[PDB]
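[1] Here we go, the starting part of the complex in its complex frame:
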Amino acid sequence: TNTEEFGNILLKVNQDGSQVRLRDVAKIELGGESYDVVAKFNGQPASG
């Protein structure tokens, strides 16, 4: 559930033993499914 948990995913362990987590190759954040649509009410953030 948490973005912290996703950032702790283990992709592969380096030969030296250092871990390569997902957060080391990608910036994780909660975002919209699609950014195509962006509503605005009287020049103010909104949705409907």
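    Sure, I can see it. Numbers count the residues shown, from 1 in each chain, chains lettered A, B, ... in the order given.
[2] And the strands in chain A?
    A:10-13, A:19-21 (DSSP state E).
[3] and the longest one, how far from the chain's centre?
    In terms of Cα atoms, centre = their mean, to the nearest Å, the centre of strand A:10-13 is set 18 Å apart from its chain centre.
[4] That strand - contacts with which helices or strands?
    strand A:19-21 (3 or more Cβ pairs under 8 Å, 6 or more residues apart in numbering; DSSP states H and E). (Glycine included, C-beta is placed from N, CA and C.)
[5] add chain B to the structure above, sequence below:
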Amino acid sequence: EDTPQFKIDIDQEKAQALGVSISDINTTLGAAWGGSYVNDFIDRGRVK
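    Time to bring in chain B:
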């Protein structure tokens, strides 16, 4: 009412070190204990 329930935690780091795919533990653990439905077969004129 809520009741006790066994919890098994697969140590992700250890699994990679021993070279066992997490997709294999989820099947052995999930098929050995929970039972699995592999496919069908024909017997006495019916499919079972």
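[6] and what packs on strand A:10-13, now that chain B is part of it?
    Packing partners of strand A:10-13 (3 or more Cβ pairs under 8 Å, 6 or more residues apart in numbering or on different chains; DSSP states H and E): strand A:19-21, helix B:12-17.
[7] so which of these gets nearest residue A:7?
    strand A:19-21 (6.4 Å; Cβ to Cβ).
[8] Residues in contact with that closest one: which ones?
    A:7-14, B:13 (Cβ atoms under 8 Å, 6 or more residues apart in numbering or on different chains).
[9] And the residue nearest the centre of the chain?
    Picked chain A for this. Residue closest to the mean C-alpha point of chain A, counted by Cα atoms, centre = their mean, is residue A:28 at 2.4 Å.
[10] oops, chain B please
    Centre-most residue of chain B, counting by Cα atoms, centre = their mean: residue B:30, 1.5 Å.
[11] Right, I'll call it a day here.
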